[PDB]
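Take a look at the structure below.
Any read-out appearing in this document is the output of simple, stated calculations on the displayed coordinates, not a laboratory observation. Here the Cβ positions follow ideal geometry from the backbone for every residue, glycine too, while neighbour counts run over all protein chains shown.
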Number of protein chains: 2
Amino acid sequence: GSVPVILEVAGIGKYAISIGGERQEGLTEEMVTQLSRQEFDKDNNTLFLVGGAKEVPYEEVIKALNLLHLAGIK
Amino acid sequence: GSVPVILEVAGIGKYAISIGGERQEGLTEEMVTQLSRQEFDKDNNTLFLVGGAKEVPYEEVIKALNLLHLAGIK
C-alpha cells in the first residue's frame with residue numbers, strides 16, 4: 001500500500017488526519033467521523049491507526065477509538 | 001519529523017512496529033514493550049500511534065494501548 005489512514009489526537013477535541021500521504025489539521029470530532037467513514041466506505045482494507053500526543057489524557061484516546069468504533073471503522 | 005513510531009495489532013498476540021521508516025514484523029508483547037520503551041527513552045517527542053487490523057477484536061486494541069501506558073509510552 002501507499003499510506004494508511006492516520007488519526008491524531010492533538011489535544012482536547014482537536015484532531016489531525018493523514019489520508020494516503022495528505023494531512024488535514026484543525027478537524028472536529030463530527031468532521032473526523034465524516035472523513036473516517038467516507039474513506040472506509042471507499043476502501044475496506046484501509047489500515048486504521050490512532051495516536052495521541054504527550055499532553056493528551058489517555059481517557060481521551062479511548063474516547064477517540066470509541067468514536068471510530070461507533071461509525072464502524074474498527 | 002521523518003516517520004513516527006507505529007505499533008500494529010496483526011491479530012491475537014502478534015504485532016508489527018515501524019520505527020522511523022523501518023518495519024519489524026513477528027514481534028511479541030514483551031518484545032514490543034522493550035522496543036517501545038527503548039525508542040521513547042531515546043526520543044521524548046516521538047509520536048506514538050496504535051492501529052489494529054479488521055480481524056482483531058477491539059478489546060485487544062484496548063489491551064495494546066494499556067500495555068503502552070504501563071511502560072509510560074502514553
Inter-copy spacing of A:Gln34 label points, which lie 7 Å from Cα along Cα→Cβ, given in nm from shortest upward: 4.7
Helix B:29-42 versus the longest principal axis of chain B: what angle, 0 to 90°, nearest 10, using Cα atoms? 20 degrees
Give, as a single signed number, the net charge of other residues whose beta carbon lies under 11 Å from the beta carbon of B:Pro4, with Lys and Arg counted +1 and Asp and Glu -1. -3
Env charge @ B:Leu27, Cβ radius under 14 Å, K,R +1 / D,E -1, value -3
Measure nothing fancy, just the Cα-based angle from helix B:58-70's long axis to the longest principal axis of chain B, in degrees from 0 to 90, nearest 10. 30 degrees
With n ≥ 4 as the cut-off for DSSP H runs, can you work out [θ] at 222 nm for chain B, using -39500 (n - 2.57) per run divided by the number of residues, rounded to the nearest 500? -11500 deg cm²/dmol
Which pairs in the list A:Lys74/B:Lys42; A:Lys14/A:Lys54; A:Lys14/A:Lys74; B:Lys14/B:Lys54; A:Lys63/B:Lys63 are over 22 Å apart, alpha-carbon to alpha-carbon? A:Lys74/B:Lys42
Please give the Cα centre distance for the stretch A:31-74 versus chain B, rounded to the nearest Å. 17 Å
